[PDB]
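Here the structure comes first, spelled out in structure tokens, and everything after it is commentary.
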Amino acid sequence: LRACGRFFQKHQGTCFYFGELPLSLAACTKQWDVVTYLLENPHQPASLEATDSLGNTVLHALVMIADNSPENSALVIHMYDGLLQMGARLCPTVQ
Amino acid sequence: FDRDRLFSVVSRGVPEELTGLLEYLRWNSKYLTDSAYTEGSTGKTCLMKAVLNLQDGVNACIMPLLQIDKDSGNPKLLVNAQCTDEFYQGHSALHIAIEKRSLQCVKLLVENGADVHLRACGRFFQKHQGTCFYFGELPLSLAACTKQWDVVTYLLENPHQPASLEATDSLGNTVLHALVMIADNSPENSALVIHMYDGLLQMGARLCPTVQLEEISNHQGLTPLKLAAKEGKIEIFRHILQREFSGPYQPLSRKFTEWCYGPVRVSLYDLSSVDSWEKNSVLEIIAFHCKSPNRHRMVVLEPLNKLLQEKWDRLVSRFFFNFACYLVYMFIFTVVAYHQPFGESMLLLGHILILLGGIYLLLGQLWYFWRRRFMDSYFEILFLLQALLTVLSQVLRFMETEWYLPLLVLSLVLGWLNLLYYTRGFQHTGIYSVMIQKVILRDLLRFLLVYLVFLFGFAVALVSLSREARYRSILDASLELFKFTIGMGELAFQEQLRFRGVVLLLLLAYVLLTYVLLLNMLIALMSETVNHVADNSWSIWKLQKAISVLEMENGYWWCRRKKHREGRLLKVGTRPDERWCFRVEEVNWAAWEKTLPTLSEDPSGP
Amino acid sequence: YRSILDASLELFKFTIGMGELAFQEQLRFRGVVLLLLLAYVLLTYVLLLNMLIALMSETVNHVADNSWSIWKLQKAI
Amino acid sequence: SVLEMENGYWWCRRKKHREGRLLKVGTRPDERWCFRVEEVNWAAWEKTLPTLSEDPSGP
Ligand SMILES: COc1cc(/C=C/C(=O)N2CCC=CC2=O)cc(OC)c1OC
């Protein structure tokens, strides 16, 4: 479900861009339990190669939120490596 | 019995040694609070002498002394007796019981009807320089300014005496004012003052829940926040400005949260007694009333930096319009000063224009100094003096004086200096200007005094040696000397002078002394450059831009613009509590734990 | 000093070190012109001092790894 | 500079005025000349000390 509102688009002031998707919102808020559940649940697949209106996947949207802060960088690196390892086993064919 | 033996036995603490004291007081019918039992110098009684000499918190002879006073029929109670010397006036035994940090004797003393609202108004207790300790002239204020919190919680909540939180002393200071007054910017003093401030605020939330203790004004007329800003105490002022409380103390907080959404968070700071819409604001008190040297750090804090930046972004068009008006005035001034005796008509119109502009600037600076009756009035006195010189020059022109042309071009030159005032609009030149003034002003003025003294000394020596042939006046000799500084000085071996080697040695010694003088000023400015912190200069630039913002809001002397209020009326809770809250957005990537109440469920833009 | 060109040239010659200031007797306003030249010499001296310690303050607050990185960026372009 | 100004000039030699005051510091009584220094300390609420005088007084 695409959250395409003005609060969610990337611009200056009163915005929070995360990738307009529930998996991207779960990755850009450091959950990894909602992430591992949305990725692996019998009801809904919540694939890793979904894009939003800017064409950004969840890896793009983790790059987009990345500040060069000490804690933001650790968050982004953790979620980047975790989703890479999980895409190695959910959709092992695609890069 | 006598007072000397009583002081001895009450210092020892033995209660058995005062056995016939009640009998002597009955047979003599003399009360214990007379001049025959108080010391002649300071007027302290035997009870004060007892409570001075405490043995691990308790004195054995302090209860019978109160007992045999009740048996003595004293109209004025012994415990309420205070000192009479002007140095120590108003000091009672309750103040000594609090100062010695003993809750046991405090309880034992308030059970016998110790009046807890006893003003210690002596010279030792008033605020001045040297041998003083100001705490607020009250026992609750003394218990708060000495970090007890047990005497405080007992005096506030005991059945005998209420010891209310809204009591004032002779300066009108409550206990919150008196905690602001004692606040140093030390690391431990600030923690002490912040702890007692928050503790007494929370306790006044439940003892007198109706009144707001932050709104009480002293005899000078300041709330404790304005007294924190006026006295230049940075850390307690910062802690009051951004105060967050979680629980039932939420209506006592000043910093609320409106909504959170992941890392994005909007906070709300109430602009009560801060925003410049009211008369005695905190911004105006930091700018035009505070004289402490850290007043430039007070405009840097979190709810104030964003507020002054928003005001500046709204007023920058008016700032540059004032700059453009002054620049156009200086262009017509320099054109009028160039063309000096369609042509004569335009020249008379230009004279009329610069006279009207001088009158305009003169009235503006006069209104400025009428309202505000260095570095704050540094350019204001310059603008005033330049407008004064311009109107005096046009008056002397109308008087057909020959000396009108020196006063005109001086008013021209000074005008082109006053344009430097408009460097504070841009960050780099403004910060650099502030840094330049602080680094170079004192050093350059002292160097100039040295150079002038040495110049005229060597000029008199050069005239005296060059008078007798084998530099005529001090003016021409000092000019020939000063030409060594600009790099056009001429030194040569003269043969028509009798004293010619010593004049050559005098010129060489002056060249060497001027070189060491320039070296002295160079490495003095270099040493000031190395020992320089750029955050200090950035803060002083923010203070300059804040004073510019505060003066642009008033409007001109002809039209006074109505001050548009900042923030929006928001329901922060149920006291409903409707405050004007300035909104500050922030992003925090380390705050995933969310233990907070938020005023609004759904995020919204400004 | 007749035109603004020649007067500004005589003024600017104080910067290069060949400026000539002298007490003139053929000028009515001669003391105030001497005071104007002296005030200009002082103002130019404070201006050069201002630029000197501004560059000195920028030199002290300077990190050479930043300059090395920008040089690597220039060489990379 | 302070030490040389106290001697006075070569023509008149001023008598050196003593600093401090004769105070009883204890029983050795022990009477010394003690220069008085005031201070404020906001971290010393623990009071394990003997004091020479009970009541505060200005200089
Ligand atoms: C009073 O302190 C001084 C400041 C300055 C700064 C000049 C400047 O940066 N300007 C002016 C022209 C407009 C922008 C701009 O960039 C220069 C001074 O030297 C005469 C000052 O006096 C010490």
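Reconstructed Cβ throughout: ideal geometry from the backbone, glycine too, with neighbour counts over all protein chains shown. Every number here is computed from the coordinates shown, using simple stated rules; none is lab data.
Taken as Cα centroids, segment B:77-146 and segment A:22-60 sit 68 Å apart, rounded to the nearest whole angstrom. Note that segment B:434-442 has calculated 3J(HN,Hα) couplings of 4, 4, 5, 4, 5, 6, 9, 5, 5 Hz, one per residue in order, obtained from phi through the Karplus relation 6.51 cos²θ - 1.76 cosθ + 1.60 (θ = phi - 60°); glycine and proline are x.
Averaged over the residues of C:13-25, the number of partner chain Cβ atoms lying within 10 Å of the residue Cβ comes to 3.
Footprinting exposure proxy ranking of B:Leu176, B:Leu366, fewest other C-beta atoms within 10 angstrom first, gives B:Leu366, B:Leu176.
Can you classify chain A as rounded, prolate or oblate using the Cα gyration tensor, where a ≥ b ≥ c are the square roots of its eigenvalues, rounded means a/c under 1.5, and otherwise it's prolate if a/b beats b/c and oblate if not?
It is oblate, given that a/c is not under 1.5 and a/b is not larger than b/c.
Counting only other chain Cβ atoms within 10 Å of each residue's Cβ, the peptide C:53-61 averages 6.
Sorting B:538-544, B:167-173 by average packing, meaning the other beta carbons within 10 Å per residue, from highest down gives B:538-544, B:167-173.
For chain D, the 222 nm mean residue ellipticity estimated from helices alone, with every DSSP H stretch of n ≥ 4 adding -39500 (n - 2.57) and the total spread over all residues, rounds to -1500 deg cm²/dmol. Note on B:410-420: average number of Cβ atoms from other chains within 10 Å of each residue's Cβ is 1. In order along segment C:21-31, phi translates into HN-Hα couplings of 10, 8, 6, 8, 9, 7, 9, 5, 7, 10, x Hz, rounded to whole numbers, per the Karplus curve 6.51 cos²θ - 1.76 cosθ + 1.60 with θ = phi - 60° and x for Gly and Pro.
Mind ordering B:33-40, B:513-520 by average Cβ neighbours within 10 Å, highest first?
Ranking, from highest mean packing down: B:33-40, B:513-520.
Once the Cβ-Cβ distance between B:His160 and B:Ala534 is put in as r, and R0 is 51 Å, what FRET efficiency do you end up with, to the nearest 0.05? It comes to 0.30.
Can you figure out the FRET efficiency of A:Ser73 with B:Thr334, using R₀ = 45 Å and their beta-carbon distance, to the nearest 0.05? Efficiency at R0 = 45 Å is approximately 0.20.
Is the protein assembly as shown rounded, prolate or oblate when judged by the Cα gyration tensor, a ≥ b ≥ c being the square roots of its eigenvalues, rounded requiring a/c under 1.5 and prolate requiring a/b larger than b/c? Note, shape of the protein assembly as shown comes out oblate. Taking a ≥ b ≥ c as the square roots of the eigenvalues of the alpha carbon gyration tensor, segment B:24-162 is oblate, as a/c is not under 1.5 and a/b does not beat b/c. Amide H contacts of B:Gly573 (H built 1.01 Å from N, in plane; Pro and chain starts excluded): no residue 5 or more places away or on another chain comes under 5 Å. Annotation: amide H of B:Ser292 has no partner in the under-5 Å range at sequence separation 5 or more or interchain, hydrogens built in the peptide plane. Residue by residue, segment B:579-588 carries 3J(HN,Hα) couplings of 10, 8, 10, 6, 9, 10, 9, 7, 10, 9 Hz when phi is fed to the Karplus relation 6.51 cos²θ - 1.76 cosθ + 1.60 (θ = phi - 60°); x denotes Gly or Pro.
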